[PDB]
Each structure stands twice: as C-alpha cells, then as structure tokens.
Enquirer: 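What follows is a structure written as structure tokens; I'll ask about it next.
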Amino acid sequence: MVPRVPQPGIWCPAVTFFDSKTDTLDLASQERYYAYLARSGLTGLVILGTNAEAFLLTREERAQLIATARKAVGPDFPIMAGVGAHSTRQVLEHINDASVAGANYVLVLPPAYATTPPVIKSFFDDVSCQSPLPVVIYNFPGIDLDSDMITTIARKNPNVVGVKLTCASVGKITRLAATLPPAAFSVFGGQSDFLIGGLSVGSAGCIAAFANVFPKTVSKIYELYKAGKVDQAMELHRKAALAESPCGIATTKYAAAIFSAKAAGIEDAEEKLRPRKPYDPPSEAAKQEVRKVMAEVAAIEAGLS
Ligand SMILES: [Ca+2]
Ligand SMILES: [Cl-]
Ligand SMILES: [Cl-]
Ligand SMILES: [Cl-]
C-alpha cells in the first residue's frame, strides 16, 4: 500500500495527450504512456502538474486523467495529483474529485489571483483540515513561500506531508530538514540539475520534467546515488543535465513525443503531444535542437531499457 507520507525517490510530472482533430483527451494513448513511465524505475507519478497543462483542462478532464493514471499503474504505485486553482472552493472540488478518482496525495499551489501571508496561511490551514488526502505544498513562484511559512504550515497541519520546491536551493532544503523530520514530511526539488546537491543534503528527491523523456536514465541517476556509487552517478547526471537544456512545455511534450512516447508504442505521438489549442507547437529549429542535444542520452536510455 502507498504510505501517508510520499516516498523519497524520482517522480515524473506526466505530459498530456490530445486528439488534435477533436481537442479531447486521448485516454488510450495516455494510459499506454503512464503505464510505460511507471514501469521505468520511477517512484511515483505526478498527474496534473504544470507539465500536464492542468490549467487548460476542464474539471471532468482532470478527473479522467487521474482515473486513467490509477488504471495504468495499479493500486500499489503512488499518484500525486495537482489540484491548484484560484479559490478554496475550486481546490476542494478538485481534491474531492482526485480522491474519488484514486489519487494518494494532492499537490496544492498557494492561492494566486500575489496574495498576502495570513491569506496563504489560512488557505493551507483550511485545505489540510478539509482534505481527504494528504497534502503537498506546491511552491511555484505568483507568491514564493520561504522556509518560515512552510514550517509554520506543516507544524500546524499533520495532514501536510511535504513541499515541492521548484527552484530548490541547498540552503532551503537544509533549513527544512533541520525543522521537519523526514518521517512526517518529504521535501522535493523540481530540478534534476539540483538533485546532485539536492539529495546529498537529504531531500526526499525530485519531481523531474525530464523523466518524461528518459525515465530509466533519470531513475538510474537516483539509483546510483542511493547505492553510494557516486562517481558514475555524477558522470551520468552530467550528461543528463546537458541534455535537459531545452526549456518550456511545448519543447518537453515534443521530446516525450519522439523519445518516451515512441518507446511506449504510441503512434503519431508528435501530433498528440501538441500543446492544447490555441497554443502553438515548437518551431522546426527548436525541434532540430531537441534531436541533436538529446541524441547521446537517447543512446544511453536505449542501453538501459
Ligand atoms: Ca534497448
Ligand atoms: Cl483508457
Ligand atoms: Cl510507434
Ligand atoms: Cl528505450
């Protein structure tokens, strides 16, 4: 069974497939893709993160994706669902939808419509208390939450079980560790390129966009660190950080289309991984860059899977 407090490890915030002719979710492809990712050494999936274009989805689509995730991975693989919105009412509706659809945890943005600090504090208090699922603070700056607010929120709310920091520092991680024991609270960095130092000071690890593209490689990096084989870990980490260069959403979707989605046997992956209307796909030149810059890590991934 999935623990109350999210397991340290490597998590992937999965991209979203759209049938472009009808502008609807492509759930058959989505299920194939989620299942492939969960079978590539990942600790868990983040569904409806920012990479999934969650804010472009209807409430019903959000719930279908969570349910599709659960079906793809089975009952023993952790799912963290993004639920962020503008009001407490919307957040609670998303949370309850997530709970019914099978999520284990909910990942919650602070309210943004730049809000004040007692507003942030009372929001998280109200949300943790009402939420049927354990809560991970989603810090994506839009306001930025320092160590003081996070610790305050966590100490008052035992249903708060972690934080995703998007731009995590070694200082920030350390401060959190010193005040919040790991058994009750998991810190996640959002950067694969942070994870070298990220884990060396006791993060719970990482929620990495790039694990969409080469999940086995990103998991190998983590696995080598936990084995103490720190020499080859850093050498592989280096290569992977190099390949991660291209960054936002449209480029990531396209990389997944030509690497992981193809590996998952999804046909026409490139059309299905266009950004949702009316947003445009990457330029030809952006696409050429992806293929050149990621070719080496692709060969490594074909070697590990
Ligand atoms: Ca192979
Ligand atoms: Cl399905
Ligand atoms: Cl194919
Ligand atoms: Cl492969």
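Heavy-atom basis, side chains included; hydrogens, waters and symmetry copies ignored. Numbering of residues begins at 1 and proceeds along the displayed sequence. As the structure lists them, so they are numbered: ligands from 1, and atoms in each ligand from 1.
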Enquirer: Strictly under 3.0 Å of the Ca ion (ligand 1): which protein N/O/S atoms qualify?
Expert: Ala302 O
Enquirer: Scan side-chain atoms only and decide if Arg291 and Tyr254 contain a donor-acceptor pair under the 3.5 Å cut-off.
Expert: yes
Enquirer: When you look at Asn212 and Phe259, which way does the side-chain contact (heavy atoms from CB on, under 4.5 Å) test go after all the steps?
Expert: CA-CA 9 Å; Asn212 273 289; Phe259 297 116; over 6 Å; no
Enquirer: Test of understanding: with side-chain contact (heavy atoms from CB on, under 4.5 Å), list the residues that count as partners of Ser87, not counting sequence neighbours.
Expert: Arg89, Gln90
Enquirer: Might you confirm whether atom OH of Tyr279 has over 12 heavy atoms from other residues, nucleotides or ligands at distances under 6.0 Å?
Expert: no
Enquirer: Take atom CZ in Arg39; do more than 12 heavy atoms of anything else shown fall under 6.0 Å from it?
Expert: no
Enquirer: Side-chain donor-acceptor pair under 3.5 Å between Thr217 and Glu301, yes or no?
Expert: yes
